[PDB]
Amino acid sequence: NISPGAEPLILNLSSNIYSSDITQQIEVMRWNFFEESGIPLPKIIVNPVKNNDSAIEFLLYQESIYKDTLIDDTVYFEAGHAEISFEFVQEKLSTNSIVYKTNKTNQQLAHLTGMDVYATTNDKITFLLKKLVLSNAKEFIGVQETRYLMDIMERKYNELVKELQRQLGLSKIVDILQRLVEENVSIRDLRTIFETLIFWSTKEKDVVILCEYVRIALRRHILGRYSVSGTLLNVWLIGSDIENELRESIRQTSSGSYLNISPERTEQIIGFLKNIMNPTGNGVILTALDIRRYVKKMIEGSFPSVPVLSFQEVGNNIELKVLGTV
Amino acid sequence: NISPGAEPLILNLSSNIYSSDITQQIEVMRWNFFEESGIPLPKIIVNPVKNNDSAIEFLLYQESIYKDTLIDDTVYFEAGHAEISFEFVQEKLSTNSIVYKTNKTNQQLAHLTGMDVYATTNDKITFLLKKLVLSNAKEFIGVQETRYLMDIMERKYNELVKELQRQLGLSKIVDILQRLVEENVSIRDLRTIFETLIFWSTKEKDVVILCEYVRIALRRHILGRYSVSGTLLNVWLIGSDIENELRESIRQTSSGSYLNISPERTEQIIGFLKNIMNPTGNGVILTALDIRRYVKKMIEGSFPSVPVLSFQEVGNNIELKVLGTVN
Amino acid sequence: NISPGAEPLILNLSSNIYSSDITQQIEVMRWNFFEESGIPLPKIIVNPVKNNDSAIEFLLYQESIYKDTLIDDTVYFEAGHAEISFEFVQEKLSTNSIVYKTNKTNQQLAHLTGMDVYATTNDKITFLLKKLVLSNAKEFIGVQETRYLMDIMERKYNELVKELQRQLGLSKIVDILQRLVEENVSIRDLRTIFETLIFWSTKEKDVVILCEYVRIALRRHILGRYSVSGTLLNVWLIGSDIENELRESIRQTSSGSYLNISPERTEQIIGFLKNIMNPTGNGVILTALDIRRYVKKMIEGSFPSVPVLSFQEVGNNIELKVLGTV
């Protein structure tokens, strides 16, 4: 018979690479993703393909998102605040995500240096899967999933849900939760989010503004991720001249808001930042609340995966180390 | 399966320090906190960590709020109206709370002087826990907890609750109770609070104003905490010039009300008070009702944990001893 | 588990003073208080403290209202219309109440003179308890207690209650009953009070005015308390000049009504009265209805516990003896 709709996630593995234990390991990855992101992923379907070409493929709503061949001669790795190590190879995984590859001979030096390394087939598969999902997180949270987070969360917190439903429309709650996952903020702490929306729902009606109040209320989550050992934050600044120019350039229409700036000046502004920033990263850009969403959307696509915060979200209690200013 | 939301409180203890009796002792601390604050805390979860580094950590809604290592060479203490004693070490526990540490050799002198001292692992844990909770009290009282205080409190006082629900909206009751816990006022006496709100609900609608009438009605609780032996209160004053200047500087917007004053003048005003006040504390600042909330929010962060009262909340019956005035 | 709220009344007694019979005697005091005041007190909790310091303490809604030590060398007494007797010691018990103390050796002369004397532990406790409650009577009558007086009082008088509920709001009935207990008027006769409010509810709406009509209707209770043997009333008068000046000084706002008079003139007015009045008391001050509530609130705190009546509440049938005029 006919199924409800396109299957959400399918993994095709050549039978050379396939194994009977990967299903259980994948079911374990779903929990780690939910506890860190607070996004409940659907059930993953894994199909063995009766070919021995060592190929793999990931399908999102039955469209191919990634296809490649696994080899034993190489190994994938991840590095934190640690220093750069020789012979690394960067490869793009999506328009907004990149992974690091190396020859297996380099394995122990990275492991000894403190880097995390993935070498077995099940590691490589699980690593690629989690990075591909994080890149498409906005696709997994919509009307039917929002309603599921509210059906749970009413077996306890029952009055909090009733009050929220009376103050905001369900279609508005969906837009707020989507803007948070778009920038990797975690939505695990729902009562902080719902309590903050109930309080401001009567005073403000702009969905783009409510988003920033929810971000300020999540201070402990944001600082606990980007700061080092909770005591210091590395920073780059935009400066009063560019901030003033950008603040004045704002425009709006029924479709939304945008900036009236030329492509040349935009590329120049980006070029200044590109020249000042070190390729090692490990830093953040601070800005005023009025321009933050536009500065992020402007920089997006050039040296992506760099966080942009604000002087209100970041508190006065922490220490700031400045590494440059545009 | 999936849990309702982030767990409210988790304590991680290295298995060297862990013991089987601490759960029961923690359950006893919850009662003492409820009777003094009137805030009902959720169930605390304690996890043993199979490491022997003597480390501990507290998680609030799964984010780390404090992490440290316990040692046997030092002891924590608390002092009331008593005099200052030698070799004390101050250490910050949060942006708005500080604790005093000392070497174990000093234990009996403080104990003999009348100070309270905490030395065993269970004491140190329970002491740090209560101080961290008091610092975050505003986080534990919201929409779902307010509704719980009203479901209890209707098995008796049933008509009082019906009248309150008809006069005020639940979201408004939540803002009032939060402003009280923000300044350590106790919310244990709910009928005094509910009776006062039913009386003024028609005459006044500003939530920031209703808060002050509830404070005046709680006179016996406030005086019984800061006065000495119920007979005398130590005081510092703001004076007519600064009060008049501050009263005129008030401004407002849809987000709320604020003061139009320069950072330099603000720092100077604070500097005068910082110079006049003695490091021992044991005193209070009196002010007019119109400026009290702003004076508190202004001084906050510089020499914190100093109470600010008013001439209407404090009665004419008690005696006032003045220890200085800003000019 | 969690109790409804702060316990209304708790008595802490040191084991040196505690006894197994005081509970029954306290339960007897509740009846005497209800018949005289018409206010139904909650159940009193008595806790023994395992110390022998002879100390006692009273807690009102878990806050300490009085704390002291009982001794055998002294005795408390009360005197009516009788003359002043030697060696009395006055001590304040609250902002508005004072008690008289004496050495136990003086016991029989006072007893013989006709004064009432309290000497045993149970007497001293019961005497202090009743005086502390009368001082705080306004705290024991509110929304939940008013509703209780109306649930009783409908097993009979059922139509009277229905008519009252249709004419006045419950929050308005609470303010009227509180103003009566604030000035020691008894609320035992509820049908006289309810019948008077049903009659005036349409003609007058000011809660401060309805209070005076209810006082006039209670003439037999008021005269039966302050007059001597029902035939004569001792009086002090304000006079036409001060009454006229006070009548003109009235002002009002949303919070209520008040007098526009200087502190110096206020202290002078009080000083005149303080000089004319004899320390023995046993008298009353008469005034016009328009100023009575303000004159009481003005004199309050200086030589308190002195009744203030009016020419409408007091009838023309009784004889008046004048002891001075300001």
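Residues numbered from 1 in each chain as written, not as in the entry; some residues may be left out. Chains lettered and ligands numbered in written order. Part of a larger assembly, values for the part shown. Heavy atoms only, no water.

This deposited entry lists cryo-EM as its structure determination method and 3.1 Å as its resolution.

Per the PDB entry, chain A carries the name Translocator EscV and comes from Escherichia coli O127:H6.

The PDB entry lists chain B under the name Translocator EscV, with Escherichia coli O127:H6 as the source organism.

*Asks:* So what's going on with the overall build of chain A? Which residues, and what values?
*Replies:* Counting secondary structure elements, chain A contains 12 helices and 14 strands. Taken over C-alpha atoms, the radius of gyration comes to 22 Å for chain A, in line with the 20 Å a tight globule of 326 residues would show. Considered along the principal axes of its C-alpha atoms, chain A spans approximately 60 × 50 × 40 Å. Within chain A, the fraction of its 326 residues that count as buried is 43%. (Helix = DSSP H or I, 4+ residues; strand = E, 2+ residues; numbered from the N terminus. Rg over C-alpha atoms; globule rule 2.2 N^0.38 Å. Buried < 20%, exposed > 50% of the residue type's maximum accessible area, 1.4 Å probe, protein only.)

*Asks:* Please provide a residue-by-residue account of the pattern of salt bridges, values included.
*Replies:* Note on pairing: side chains with opposite charge can pair once their charged atoms come close. Tallying each qualifying case throughout the model produces 49 salt bridges over all chains. Put simply, C:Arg215 and C:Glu313 hold a salt bridge, and the shortest N to O gap is 2.8 Å. Residue C:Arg215 is located in helix α8 (residues 207-217), and its partner C:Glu313 is located in the loop between β13 (308-310) and β14 (319-325); the two are separated by 98 residues in the primary sequence. Just as C:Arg215 is buried, C:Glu313 falls in that class too. Each member of the salt-bridge network shares a partner with another, and the members are A:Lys138, A:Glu182, A:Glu183, A:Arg215, A:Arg292, A:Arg293 and A:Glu313. (Salt bridge = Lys/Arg side-chain N within 4 Å of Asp/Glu carboxyl O.)

*Asks:* Give a detailed account of the interface of chain B and chain C, specifying residues and quantitative values.
*Replies:* Accessible area lost during the coming together of the parts is what is often quoted as the interface size. Each partner contributes to the interface: chain B provides 22 residues, whereas chain C provides 23 residues. Of the roughly 2,100 Å² buried where chain B meets chain C, counting both sides, 52% is carbon and sulfur surface. Summed over the three residues of chain B that lose the most area to chain C, namely B:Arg188, B:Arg191 and B:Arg220, the buried surface amounts to 30% of that side. For the pair chain B and chain C, the interface holds 2 salt bridges. The residue B:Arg191 makes a salt bridge to C:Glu145 at a minimum N-O spacing of 3.1 Å. Those elements giving two or more residues to the side of chain B that touches chain C turn out to be α1 (22-37), α5 (158-167), α7 (190-200) and α9 (219-226) of chain B. Residue composition of the side of chain B that touches chain C, by class: 10 nonpolar, 3 polar and 9 charged. (Contact = heavy atoms within 4.5 Å. Buried area = accessible area lost by both parts, 1.4 Å probe. Nonpolar A, V, L, I, M, F, W, Y, C, P; charged D, E, K, R; others polar.)

*Asks:* Provide a residue-level description of the domain arrangement of chain A, including the pertinent values.
*Replies:* Residue and element names in this part refer to chain A. Examined at the domain level, chain A breaks down into domain 1 (143-225) and domain 2 (226-325). The C-alpha-based centres of domain 1 and domain 2 are spaced at 25 Å. Contacts between domain 1 and domain 2 engage 11 residues on the former and 13 residues on the latter. Carbon and sulfur atoms supply 47% of the area buried between domain 1 and domain 2, which totals about 1,300 Å² over both sides. Considering only the side of domain 1, the residues that lose the most area to domain 2 are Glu183, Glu212 and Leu223, jointly responsible for 41% of the buried surface there. Our count for the domain 1 to domain 2 interface comes out at 4 salt bridges. Note that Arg292 and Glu183 form a salt bridge whose closest N and O atoms lie 2.5 Å from each other. (Domains from an automatic or database assignment.)

*Asks:* An account of the domain arrangement of chain B is requested, with residue identities and associated values reported.
*Replies:* All names here are of chain B. When cut into domains, chain B gives domain 1 (143-225) and domain 2 (226-325). For domain 1 versus domain 2, the separation of C-alpha centres amounts to 25 Å. Taken together, the contact pairs 11 residues of domain 1 with 13 residues of domain 2. Taken together, the two surfaces of domain 1 and domain 2 that pack against each other cover about 1,300 Å², and 46% of this comes from carbon and sulfur. Of all residues in domain 1, the largest losses of buried area upon contact with domain 2 belong to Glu183, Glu212 and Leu223, amounting jointly to 41% of the total for that side. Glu183 is the salt-bridge partner of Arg292, the closest N and O atoms lying 2.5 Å from each other. Remark: the boundary between domain 1 and domain 2 carries 8 residue pairs in polar contact. Broken down by secondary-structure element, the contributors of at least two residues to the side of domain 1 that touches domain 2 are α8 (207-217) and α9. With 5 residues, the single largest contributor to the side of domain 1 that touches domain 2 is α9. Split into classes, the residues belonging to the side of domain 1 that touches domain 2 amount to 3 nonpolar, 1 polar and 7 charged. (Polar contact = N/O pair within 3.5 Å; in protein donor to acceptor, adjacent residues only side chain to side chain.)

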